[PDB]
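Coordinate inspection notes
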Amino acid sequence: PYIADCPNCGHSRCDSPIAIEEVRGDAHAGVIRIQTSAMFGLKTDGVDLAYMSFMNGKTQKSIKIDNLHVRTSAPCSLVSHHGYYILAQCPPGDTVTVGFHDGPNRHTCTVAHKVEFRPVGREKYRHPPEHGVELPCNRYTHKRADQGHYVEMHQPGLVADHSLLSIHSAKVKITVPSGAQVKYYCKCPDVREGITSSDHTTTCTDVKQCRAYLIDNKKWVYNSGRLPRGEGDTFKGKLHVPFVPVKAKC
Amino acid sequence: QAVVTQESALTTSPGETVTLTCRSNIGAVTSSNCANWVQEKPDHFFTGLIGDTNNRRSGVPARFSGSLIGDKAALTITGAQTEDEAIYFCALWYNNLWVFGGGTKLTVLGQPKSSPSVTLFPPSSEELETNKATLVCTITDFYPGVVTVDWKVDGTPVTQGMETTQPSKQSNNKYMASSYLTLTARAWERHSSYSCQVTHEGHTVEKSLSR
Amino acid sequence: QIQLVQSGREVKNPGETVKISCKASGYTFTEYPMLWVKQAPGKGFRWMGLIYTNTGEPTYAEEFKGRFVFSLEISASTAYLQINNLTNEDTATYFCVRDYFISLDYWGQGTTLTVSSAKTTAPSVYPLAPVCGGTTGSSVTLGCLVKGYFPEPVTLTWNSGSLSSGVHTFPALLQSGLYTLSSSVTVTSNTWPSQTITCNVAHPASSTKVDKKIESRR
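What counts and what doesn't
Counting starts from 1 on each chain and follows the sequence as written, independent of the entry's numbering; residues without coordinates are not shown. Numbering of ligands from 1 and lettering of chains from A proceed in the order in which they are written. All values in this entry refer to the displayed chains, which constitute part of a larger assembly. Heavy atoms throughout the structure, all of them, feed into the side-chain values; hydrogens and water do not. Residues with missing side-chain atoms are left out of burial classes, side-chain pairs and their counts. What counts as a helix is a DSSP run of H or I of at least four residues, what counts as a strand is a run of E of at least two, and both are numbered from the N terminus. Restricting the calculation to C-alpha atoms gives the radius of gyration, and the globule rule supplies 2.2 Å times the number of residues raised to the power 0.38. When checking whether two residues touch, look at their non-hydrogen atoms; a contact exists if any pair is within 4.5 Å. Buried area: the accessible area, evaluated with a 1.4 Å probe, that two parts lose upon being put together, summed over both parts. The salt bridge criterion pairs a side-chain nitrogen of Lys or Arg with a carboxyl oxygen of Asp or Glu, the two atoms within 4 Å. Counting of polar contacts relies on pairs of N or O atoms within 3.5 Å, with two restrictions inside protein: one atom must be capable of donating a hydrogen and the other of accepting it, and residues adjacent in sequence are counted only when both atoms are side-chain atoms. We call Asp, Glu, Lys and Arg charged. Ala, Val, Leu, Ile, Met, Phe, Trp, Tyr, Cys and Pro are nonpolar, and the rest, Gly among them, are polar. Here a strand pair is declared whenever DSSP counts at least two bridges between the two strands. Angular values range over 0 to 180 degrees, each being the angle between N-to-C directions of two axes fitted as lines to C-alpha atoms, with helices fitted over their stretch in contact. Here a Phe, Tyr or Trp ring, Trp counted by its six-membered ring, pairs with any other such ring whose centre lies within 6.5 Å, and the pair is stacked when the planes are under 30 degrees apart, edge-to-face when over 60, and tilted otherwise. Throughout, exposure labels follow a simple rule: accessible area from a 1.4 Å probe, protein chains only, divided by the maximum for the residue type, with under 20% read as buried, over 50% as exposed, and the rest as partly exposed. The rule is short: NZ of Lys or CZ of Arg within 6 Å of the ring centre and within 35 degrees of the ring normal puts a charge over the ring. Throughout, a disulfide means two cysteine sulfur atoms within 2.5 Å of one another.

1. As for the overall build of chain B
Each helix and strand counted, chain B has two helices and 20 strands in total. In terms of C-alpha radius of gyration, chain B reaches 24 Å, well past the compact-globule figure of 17 Å for 211 residues. C-alpha extents for chain B along the principal axes are approximately 70 × 35 × 25 Å. Long-range pairs, those at least 24 residues apart, make up 57% of the contacts in chain B with a sequence separation of at least 6.

Structural data, given as structure tokens:
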């Protein structure tokens, strides 16, 4: 579940795991396909699409989806989630505004995007009716068994985590998640790369002049614009899109 | 240029859960302060318990755990024991130096009371050869650690000549103390009945010598 | 496993210098530096600084930059504290400590300094045997009175240290300008006076060593 910089995250620009990129109000059926940077779906391991894994800390939190809310000018209706990606039936709206409820906090994310829903037809409704003729609209699927396209999803770059840079009672003290690769030095001269377990820092003292980094590329990410490049390489991780636009007859 | 503050004293009973805290005068305590907890048992005996907020030193019972509660570092003793009665100090890191807290004296219910073991010795003779005589009254293994020692030469409460140390903690966690009554070779030979009276948790123990 | 054993306690008149050793055991000296802490009589615990036992660079707390100097006999796993131009308000106990696990994990025993003007007086060692009559119980308590010495410290053992169980040594106390110390030992009534029990006393400042066997009064 990637974490990026939401633009108007309740107050202002936070870093939400559900940071909204690639809003697509381009279909007709009241539907938008969205990508959160969060990867809900199965858990970390193997079970139940209808659970909920975002990033809290450096860490995931693969738990229940209980109180998702996509919304716009009005509250939307979820359609389905798969991967980083959710489909939801929305009305028109100047913006798009997404958010779940972890339980202790609202913890939402919101974004600008021009949305409309013309139905296909010479009638310019604002909303799909219960009746009328069927005719060839453009629309996204409910399903996941989907390969019609795939987007590049290679590694994450590093990320900041100054929870690492503690103090060794006079020196600034870095640690490691699980033996992950922490890329480290300070403005002063000390250890210059950092590919280590928990190091200390001989030279500098201040937490605010050091490289708290997490090269933790055991799991790839979506290639968000709000991602820092993993400078090393274009790793593999070509990964499908579920919600292909299909020729449904709305 | 930072002041760590800790509770002054806390009293608990064996089996209870007790929390000690460590507050920083500059702001909330955070993981970059690497809170350390150190225990001081009697005899200038130091051991480290927790480091880097929640890392338990090796061989420190699991009843001890550290954490950050609110804006402060905390030490929780889960199932406090009689053996945990000691002074706990917290230390906080501040980018370049360590600041220690004032320490919290923790008292834990336990160790059934124990009466003192009193012994009074006469001035040895090699010492009476110096024209001096010192009666030594030793008192060991008493708990609670508070006593009253009163000397009585020939039926009369001596009131000058005596010196009583301060109760010192033995290893078993009981206390000891000794009192000295210094006479002159001569004062010695004069009077005839010496007695060291020790009062402890209400009972009295009198140990008398006869010259 | 890890033992940091410190030098014994000194007495020094104002102006003097002291070198307190800390001999480390159980770890590789080089991967763990040393904390020097001052626990002043009333005041509580204070960090004096840290020495990088790898490079050798010391950090001093600002309170300690000046008269204090950390050094190390690397080679012997020793760290040392040296306090020069001793001030009278430096009486306190100094602990060495190992910095590890984002804090301090092991502390030493402490070396206590008593800065104090005074000459050198050897102690008088007196045996303390039970009263002239009877004394019949399952056990028996003997004693040893180390009277009138200066300065600190004295060391006291029983039977060269082979008899340590049932011993109470009482902290030295200053009386009329001199220190006095005492110790008791309790053994089964069959041990004494059948087997010899001896008080061993050393006063380093005067090069005085006294062995006093406890003899029955009659």
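So that's the structure; there's more coming.
2. A look at the interface of chain B and chain C
Counting from both sides, the interface comprises 44 residues of chain B and, opposite them, 41 residues of chain C. Interface area for chain B against chain C, summed over the two sides, is near 3500 Å², with a carbon-plus-sulfur share of 64%. For the pair chain B and chain C, the interface holds one salt bridge. One can count 14 residue pairs in polar contact joining chain B with chain C. Among the secondary structure elements, those contributing two or more residues to the side of chain B that touches chain C are β4 (36-41), β5 (45-51), β10 (98-100), β12 (117-121), α1 (125-128), β13 (132-142) and β18 (175-184) of chain B. The greatest single-element share of the side of chain B that touches chain C, amounting to six residues, is contributed by β13(B). The class makeup of the residues in the side of chain B that touches chain C is 18 nonpolar, 19 polar and seven charged.

3. Describing the sheet that holds strand β6 (residues 77-82) of chain A
Residue and element names in this part refer to chain A. Taken in spatial order, the four strands make up an open sheet running β1-β2-β7-β6, and their pairing is antiparallel. For this open sheet the edge positions go to β1 (20-24) and β6, each flanked by a neighbour on one side alone. Neighbouring strand axes in the sheet, compared pairwise and without regard to direction, differ in orientation by 20° on average. One ladder, built from five bridges, connects β6 with strand β7 (residues 85-89); its direction is antiparallel. From the neighbouring strand, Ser80 faces β7, where its bridge partner is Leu87.

4. Focus on the packing of aromatic side chains
Under the definition given, this model contains 29 aromatic pairs over all chains. Residues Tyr85(A) and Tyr222(A) carry aromatic rings whose centres are separated by 6.2 Å and whose planes lie at 80° to one another, so their mutual orientation is edge-to-face. A residue pair is termed long-range when its members are at least 10 positions apart, and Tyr85(A) in strand β7 and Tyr222(A) in the loop between β13 (172-173) and β14 (238-240) qualify at 137 residues. Between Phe64(C) and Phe68(C), the aromatic rings sit 4.8 Å apart at their centres with planes inclined by 65°, giving edge-to-face as the arrangement. The same class applies to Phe64(C) and to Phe68(C), which are both buried. Taken together, the aromatic side chains of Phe46(B), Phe89(B), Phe100(B), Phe45(C), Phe95(C) and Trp107(C) make up a single cluster linked through ring pairs. The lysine or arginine in question, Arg57(B), covers the ring of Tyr106(C), its NZ or CZ lying 4.5 Å from the ring centre.

5. Observations concerning the interface of chain A and chain B
Between chain A and chain B, the residue contacts involve eleven residues of the former and ten residues of the latter. In total, about 720 Å² of surface goes out of reach between chain A and chain B, with carbon and sulfur atoms giving 50% of it. On the chain A side of the interface with chain B, the three residues burying the most area are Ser166(A), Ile167(A) and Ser169(A), jointly 65% of the side's total. Counting across the interface, chain A meets chain B through six residue pairs in polar contact. For the side of chain A that touches chain B, the class distribution of residues is four nonpolar, five polar and two charged.

6. Considering unusual backbone geometry
Peptide bonds are mostly trans, and most non-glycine residues show a negative phi. Across the junction of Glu152(C) and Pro153(C), the peptide omega takes the value 0°, indicating a cis bond. Along the chain, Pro153(C) falls in the loop between β13 (139-149) and β14 (155-158).

7. Observations concerning the state of the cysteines
With the rule as written, the count across this model stands at ten disulfides over all chains. Paired by a disulfide, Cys9(A) and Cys14(A) hold their sulfur atoms 2.0 Å apart. Judged by the torsion about the S-S bond (60°), the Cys9(A)/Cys14(A) disulfide is right-handed. Disulfide pairing places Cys22(B) opposite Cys90(B) at an S-S distance of 2.1 Å. Sign of the S-S torsion, about 75° for the bond between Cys22(B) and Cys90(B), identifies this disulfide as right-handed. Residue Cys22(B) is found in strand β3 (residues 17-24), and its partner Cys90(B) is found in strand β9 (residues 86-93); the two are separated by 68 residues along the sequence. A relative accessible area of 0% means that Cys22(B) is categorised as buried. For chain C, the disulfide bridges join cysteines in the arrangement 1-2, 3-4, where the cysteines are counted in sequence order. Sequential numbering of the bridged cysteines in chain B gives the disulfide pattern 1-2, 3-4. Looking at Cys34(B), it has no disulfide partner, and the nearest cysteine sulfur is the one in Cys22(B), 12 Å off. Among the residues examined, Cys34(B) registers a relative accessible area of 0% and is labelled buried.

8. Here we look at the pairing of β1(A)
Residues and elements named next belong to chain A. Two strands pair when backbone bridges link them, and β1 and strand β2 (residues 31-36) are joined in this way by three bridges, in the antiparallel orientation. Note that in β2 the partner of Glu21 across the bridge is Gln35. Between β1 and β2, which pair antiparallel and follow one another directly, the connecting turn spans six residues, one of which, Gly30, has a positive phi of 75°.

9. Some words on the environment of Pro123(B)
Of note, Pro123(B) is situated in the loop between β12 and α1. Assessed through its relative accessible area of 4%, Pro123(B) is described here as buried. When the C-alpha atoms of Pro123(B) and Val136(B) are compared, they prove to be 7.8 Å apart, with 13 residues separating the residues in sequence. When near neighbours in sequence (up to four residues on either side) are disregarded, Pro123(B) contacts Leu128(B), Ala133(B), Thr134(B), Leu135(B), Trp188(B) and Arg217(C).

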